[PDB]
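Undergrad: I am sharing coords_28.pdb, which consists of PDB, C-alpha atoms (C1' of nucleotides):
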ATOM      1  CA  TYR C   1      43.112  25.265  13.219
ATOM      2  CA  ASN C   2      40.276  26.618  11.121
ATOM      3  CA  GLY C   3      40.241  25.304   7.588
ATOM      4  CA  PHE C   4      39.077  28.311   5.601
ATOM      5  CA  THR C   5      40.980  31.064   7.425
ATOM      6  CA  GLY C   6      43.918  29.173   8.945
ATOM      7  CA  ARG C   7      43.434  30.726  12.387
ATOM      8  CA  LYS C   8      43.494  28.697  15.590
ATOM      9  CA  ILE C   9      40.107  27.819  17.027
ATOM     10  CA  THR C  10      39.833  29.289  20.519
ATOM     11  CA  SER C  11      38.391  26.142  22.101
ATOM     12  CA  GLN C  12      40.430  22.953  21.876
ATOM     13  CA  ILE C  13      38.585  20.089  20.221
ATOM     14  CA  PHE C  14      38.186  16.495  21.407
ATOM     15  CA  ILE C  15      39.388  14.257  18.567
ATOM     16  CA  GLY C  16      40.292  10.578  18.320
ATOM     17  CA  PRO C  17      39.700   7.321  16.438
ATOM     18  CA  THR C  18      36.220   5.905  17.035
ATOM     19  CA  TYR C  19      34.678   2.865  15.344
ATOM     20  CA  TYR C  20      31.759   3.879  13.129
ATOM     21  CA  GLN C  21      29.199   1.863  11.181
ATOM     22  CA  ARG C  22      27.398   2.501   7.901
ATOM     23  CA  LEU C  23      23.770   1.532   8.335
ATOM     24  CA  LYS C  24      21.597  -0.058   5.668
ATOM     25  CA  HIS C  25      19.419   3.056   5.274
ATOM     26  CA  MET C  26      20.563   5.047   2.245
ATOM     27  CA  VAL C  27      18.838   7.905   0.431
ATOM     28  CA  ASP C  28      18.909   6.499  -3.091
ATOM     29  CA  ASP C  29      16.591   3.745  -1.833
ATOM     30  CA  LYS C  30      14.252   6.231  -0.110
ATOM     31  CA  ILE C  31      13.819   9.201  -2.466
ATOM     32  CA  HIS C  32      10.399   9.161  -4.131
ATOM     33  CA  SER C  33       8.178  11.594  -6.040
ATOM     34  CA  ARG C  34       4.985  11.467  -8.078
ATOM     35  CA  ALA C  35       3.009  13.650 -10.468
ATOM     36  CA  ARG C  36       0.103  11.925 -12.259
ATOM     37  CA  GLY C  37       1.324   8.347 -12.341
ATOM     38  CA  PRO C  38      -0.452   4.972 -12.322
ATOM     39  CA  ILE C  39      -3.872   4.600 -10.706
ATOM     40  CA  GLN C  40      -5.602   1.851  -8.727
ATOM     41  CA  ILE C  41      -8.367  -0.201 -10.318
ATOM     42  CA  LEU C  42     -11.191  -0.471  -7.770
ATOM     43  CA  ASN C  43     -11.123   3.122  -6.448
ATOM     44  CA  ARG C  44      -9.385   4.875  -9.372
ATOM     45  CA  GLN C  45      -7.041   6.478  -6.824
ATOM     46  CA  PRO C  46      -3.232   6.558  -7.090
ATOM     47  CA  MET C  47      -1.381   3.323  -6.436
ATOM     48  CA  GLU C  48       0.382   2.484  -3.178
ATOM     49  CA  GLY C  49       4.099   1.847  -2.982
TER      50      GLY C  49
ATOM     51  CA  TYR L   1     -39.358   7.200   1.311
ATOM     52  CA  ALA L   2     -39.339   4.041   3.462
ATOM     53  CA  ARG L   3     -42.447   1.860   3.477
ATOM     54  CA  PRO L   4     -42.303  -0.865   6.165
ATOM     55  CA  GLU L   5     -42.880  -3.866   3.895
ATOM     56  CA  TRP L   6     -39.947  -2.891   1.658
ATOM     57  CA  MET L   7     -37.545  -4.083   4.369
ATOM     58  CA  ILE L   8     -38.387  -7.680   3.386
ATOM     59  CA  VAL L   9     -36.079  -8.354   0.451
ATOM     60  CA  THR L  10     -37.927  -9.933  -2.470
ATOM     61  CA  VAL L  11     -35.893  -8.367  -5.306
ATOM     62  CA  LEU L  12     -32.126  -8.420  -4.857
ATOM     63  CA  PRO L  13     -30.099  -5.663  -6.555
ATOM     64  CA  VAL L  14     -26.986  -6.756  -8.432
ATOM     65  CA  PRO L  15     -24.088  -4.275  -8.278
ATOM     66  CA  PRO L  16     -22.661  -3.296 -11.676
ATOM     67  CA  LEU L  17     -19.393  -4.619 -13.062
ATOM     68  CA  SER L  18     -17.601  -1.548 -11.684
ATOM     69  CA  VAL L  19     -18.383  -2.418  -8.060
ATOM     70  CA  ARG L  20     -17.089  -5.989  -8.578
ATOM     71  CA  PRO L  21     -14.396  -5.736 -11.265
ATOM     72  CA  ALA L  22     -12.821  -8.703 -12.977
ATOM     73  CA  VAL L  23      -9.191  -9.583 -12.260
ATOM     74  CA  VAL L  24      -6.476  -9.907 -14.897
ATOM     75  CA  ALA L  25      -6.407 -15.609 -16.090
ATOM     76  CA  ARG L  26      -9.754 -14.049 -15.160
ATOM     77  CA  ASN L  27     -10.792 -14.149 -11.505
ATOM     78  CA  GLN L  28     -14.179 -13.422  -9.947
ATOM     79  CA  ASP L  29     -14.609 -11.446  -6.742
ATOM     80  CA  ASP L  30     -16.100 -12.586  -3.451
ATOM     81  CA  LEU L  31     -19.257 -10.654  -4.317
ATOM     82  CA  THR L  32     -19.456 -12.439  -7.670
ATOM     83  CA  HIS L  33     -19.016 -15.850  -6.047
ATOM     84  CA  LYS L  34     -21.735 -15.102  -3.499
ATOM     85  CA  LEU L  35     -24.033 -13.823  -6.258
ATOM     86  CA  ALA L  36     -23.480 -17.018  -8.249
ATOM     87  CA  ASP L  37     -24.285 -19.141  -5.200
ATOM     88  CA  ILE L  38     -27.422 -17.113  -4.456
ATOM     89  CA  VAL L  39     -28.742 -17.356  -8.010
ATOM     90  CA  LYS L  40     -27.983 -21.093  -8.032
ATOM     91  CA  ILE L  41     -30.048 -21.614  -4.885
ATOM     92  CA  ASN L  42     -32.783 -19.329  -6.220
ATOM     93  CA  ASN L  43     -33.252 -21.172  -9.509
ATOM     94  CA  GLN L  44     -33.123 -24.510  -7.678
TER      95      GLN L  44
ATOM     96  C1'   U M   1       2.522   1.679 -22.650
ATOM     97  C1'   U M   2       0.728  -0.754 -20.161
ATOM     98  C1'   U M   3      -1.179  -2.316 -14.455
ATOM     99  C1'   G M   4      -3.021  -8.900 -10.376
ATOM    100  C1'   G M   5      -5.139  -9.390  -5.234
ATOM    101  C1'   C M   6      -4.918 -11.750  -0.044
ATOM    102  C1'   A M   7      -2.141 -13.102   4.109
ATOM    103  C1'   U M   8       2.350 -13.195   7.282
ATOM    104  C1'   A M   9       7.125 -11.485   8.861
ATOM    105  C1'   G M  10      10.868  -7.889   9.616
ATOM    106  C1'   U M  11      12.508  -2.676   9.750
ATOM    107  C1'   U M  12      12.430   3.090  10.031
ATOM    108  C1'   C M  13      10.294   7.408  12.526
ATOM    109  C1'   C M  14       7.669   9.743  16.487
TER     110        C M  14
END
What would the structure in this file look like if it were written as C-alpha coordinates?
TA:
Amino acid sequence: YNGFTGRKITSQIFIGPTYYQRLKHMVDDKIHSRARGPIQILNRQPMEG
Amino acid sequence: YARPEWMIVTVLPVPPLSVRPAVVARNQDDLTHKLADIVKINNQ
RNA sequence: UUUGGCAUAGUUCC
(Lines of atoms letter the chains of each structure in order from A and count residues from 1; the text may use other names and numbers.)
(Lines give C-alpha, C1' and ligand atoms only; values in the text may rest on other atoms or scores of the structure.)
Protein backbone atom coordinates (compact mmCIF):
# COMPACT_ATOMS: atom_id res chain seq x y z
CA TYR A 1 0.00 0.00 0.00
CA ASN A 2 1.13 3.55 -0.64
CA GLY A 3 2.35 5.33 2.45
CA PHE A 4 1.13 8.87 1.89
CA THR A 5 -2.30 8.14 0.39
CA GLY A 6 -3.07 4.66 1.74
CA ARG A 7 -4.10 3.32 -1.67
CA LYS A 8 -2.91 -0.02 -3.02
CA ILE A 9 -0.04 0.15 -5.48
CA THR A 10 -1.16 -1.38 -8.77
CA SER A 11 1.99 -3.45 -9.28
CA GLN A 12 2.90 -5.97 -6.59
CA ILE A 13 6.35 -5.44 -5.13
CA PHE A 14 9.14 -7.98 -4.59
CA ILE A 15 10.12 -7.77 -0.91
CA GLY A 16 12.17 -9.98 1.39
CA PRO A 17 15.06 -10.11 3.87
CA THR A 18 18.44 -9.59 2.19
CA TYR A 19 21.81 -9.28 3.92
CA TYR A 20 23.25 -5.79 3.47
CA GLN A 21 26.61 -4.27 4.38
CA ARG A 22 27.62 -0.77 5.46
CA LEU A 23 30.79 0.16 3.62
CA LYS A 24 33.62 2.23 5.06
CA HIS A 25 32.91 5.21 2.77
CA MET A 26 30.90 7.82 4.66
CA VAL A 27 30.15 11.43 3.75
CA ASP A 28 31.37 13.11 6.93
CA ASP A 29 34.86 11.89 6.01
CA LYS A 30 34.56 13.14 2.41
CA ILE A 31 32.88 16.56 2.53
CA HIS A 32 35.39 19.35 1.88
CA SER A 33 35.30 23.05 0.96
CA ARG A 34 37.74 25.94 0.74
CA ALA A 35 37.69 29.72 0.41
CA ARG A 36 41.07 31.45 0.88
CA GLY A 37 42.81 29.03 3.20
CA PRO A 38 46.47 28.08 3.73
CA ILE A 39 48.98 28.41 0.90
CA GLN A 40 52.01 26.41 -0.22
CA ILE A 41 55.51 27.76 0.33
CA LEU A 42 57.47 27.21 -2.89
CA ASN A 43 54.74 28.16 -5.40
CA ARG A 44 52.49 30.29 -3.16
CA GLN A 45 49.53 28.23 -4.42
CA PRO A 46 46.87 26.62 -2.21
CA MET A 47 47.88 23.55 -0.23
CA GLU A 48 47.04 19.98 -1.23
CA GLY A 49 44.92 17.72 0.92
CA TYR B 1 70.71 38.53 -28.01
CA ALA B 2 72.82 35.35 -28.13
CA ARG B 3 76.53 35.68 -28.84
CA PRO B 4 78.21 32.30 -29.47
CA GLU B 5 80.93 32.57 -26.82
CA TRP B 6 78.37 33.23 -24.08
CA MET B 7 77.38 29.55 -24.18
CA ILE B 8 80.62 28.73 -22.33
CA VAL B 9 79.73 29.31 -18.69
CA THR B 10 82.35 31.40 -16.90
CA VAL B 11 80.02 33.23 -14.47
CA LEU B 12 77.43 31.07 -12.73
CA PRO B 13 74.16 32.73 -11.66
CA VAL B 14 72.94 31.96 -8.15
CA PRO B 15 69.14 31.77 -7.80
CA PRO B 16 67.69 33.97 -5.04
CA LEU B 17 66.49 32.66 -1.70
CA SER B 18 62.95 32.46 -3.08
CA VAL B 19 63.85 29.85 -5.70
CA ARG B 20 65.57 27.69 -3.04
CA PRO B 21 63.73 28.40 0.22
CA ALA B 22 64.90 27.26 3.62
CA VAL B 23 62.98 24.54 5.46
CA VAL B 24 61.53 24.90 8.95
CA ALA B 25 65.68 22.68 12.39
CA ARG B 26 66.80 24.47 9.22
CA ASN B 27 67.33 22.37 6.09
CA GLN B 28 69.03 23.30 2.83
CA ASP B 29 67.67 22.32 -0.57
CA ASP B 30 69.29 20.14 -3.22
CA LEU B 31 70.13 23.30 -5.17
CA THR B 32 71.79 24.78 -2.09
CA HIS B 33 73.83 21.63 -1.48
CA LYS B 34 74.99 21.56 -5.11
CA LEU B 35 75.84 25.27 -4.95
CA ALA B 36 77.91 24.70 -1.80
CA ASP B 37 79.78 21.84 -3.47
CA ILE B 38 80.42 23.91 -6.60
CA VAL B 39 81.76 26.90 -4.67
CA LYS B 40 83.93 24.57 -2.57
CA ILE B 41 85.51 23.09 -5.70
CA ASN B 42 85.84 26.55 -7.25
CA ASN B 43 87.73 28.10 -4.33
CA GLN B 44 89.92 24.99 -4.08
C1' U C 1 47.53 32.10 14.17
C1' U C 2 50.34 29.94 12.52
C1' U C 3 52.38 26.06 8.11
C1' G C 4 58.11 20.61 7.15
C1' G C 5 59.55 17.79 2.55
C1' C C 6 60.73 12.81 0.02
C1' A C 7 59.50 7.86 -0.83
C1' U C 8 56.25 3.43 -0.63
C1' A C 9 51.61 0.93 0.06
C1' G C 10 46.38 0.51 -0.06
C1' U C 11 41.49 2.38 -1.59
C1' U C 12 37.36 5.28 -4.41
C1' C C 13 35.54 6.86 -9.27
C1' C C 14 35.39 6.60 -14.56
Undergrad: Show me, as a ChimeraX atom specification, the residues of chain L whose atoms get within 8 Å of chain C, using only C-alpha atoms for the distance check.
TA: /L:18-19,21
Undergrad: Sorted by chain and rising residue number, list the residues of chain C at most 12 Å from chain M (counting all atoms listed in the file), each with its closest atom pair and distance in Å to one decimal, as a Markdown table.
TA:
| residue | atom | partner | partner_atom | distance |
| --- | --- | --- | --- | --- |
| C:23 | CA | M:12 | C1' | 11.6 |
| C:24 | CA | M:11 | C1' | 10.3 |
| C:25 | CA | M:12 | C1' | 8.5 |
| C:26 | CA | M:12 | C1' | 11.4 |
| C:30 | CA | M:12 | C1' | 10.8 |
| C:37 | CA | M:3 | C1' | 11.2 |
| C:38 | CA | M:3 | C1' | 7.6 |
| C:39 | CA | M:3 | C1' | 8.3 |
| C:40 | CA | M:3 | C1' | 8.4 |
| C:41 | CA | M:3 | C1' | 8.6 |
| C:42 | CA | M:5 | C1' | 11.1 |
| C:46 | CA | M:3 | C1' | 11.7 |
| C:47 | CA | M:3 | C1' | 9.8 |
Undergrad: Calculate how many Å separate CA of residue 23 in chain L from CA of residue 49 in chain C, rounding to one decimal.
TA: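 These two atoms are separated by 19.8 Å.
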Undergrad: Run through the PyMOL selection byres ((chain L) within 12 of (chain M)) on the given coordinates and return the selected residues as a PDB file with C-alpha atoms, in the coordinates of the input.
TA:
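Wrote expr03.pdb, looks like this:
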ATOM      1  CA  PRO L  21     -14.396  -5.736 -11.265  1.00  0.00           C
ATOM      2  CA  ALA L  22     -12.821  -8.703 -12.977  1.00  0.00           C
ATOM      3  CA  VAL L  23      -9.191  -9.583 -12.260  1.00  0.00           C
ATOM      4  CA  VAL L  24      -6.476  -9.907 -14.897  1.00  0.00           C
ATOM      5  CA  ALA L  25      -6.407 -15.609 -16.090  1.00  0.00           C
ATOM      6  CA  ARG L  26      -9.754 -14.049 -15.160  1.00  0.00           C
ATOM      7  CA  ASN L  27     -10.792 -14.149 -11.505  1.00  0.00           C
ATOM      8  CA  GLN L  28     -14.179 -13.422  -9.947  1.00  0.00           C
ATOM      9  CA  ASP L  29     -14.609 -11.446  -6.742  1.00  0.00           C
ATOM     10  CA  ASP L  30     -16.100 -12.586  -3.451  1.00  0.00           C
TER      11      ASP L  30
END
Undergrad: Tell me, in Å to one decimal, how far CA of residue 44 in chain C is from CA of residue 17 in chain L.
TA: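 Interatomic distance, CA of residue 44 in chain C to CA of residue 17 in chain L: 14.3 Å.
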Undergrad: What separation in Å, quoted to one decimal, exists between CA of residue 8 in chain L and CA of residue 42 in chain L?
TA: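 About the pair CA of residue 8 in chain L and CA of residue 42 in chain L: they are 16.1 Å apart.
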Undergrad: Give me the residues within 12 Å of residue 16 in chain L as a PyMOL selection string, counting all atoms listed in the file and dropping any in the same chain fewer than 6 places off.
TA: chain L and resi 22+31-32+35
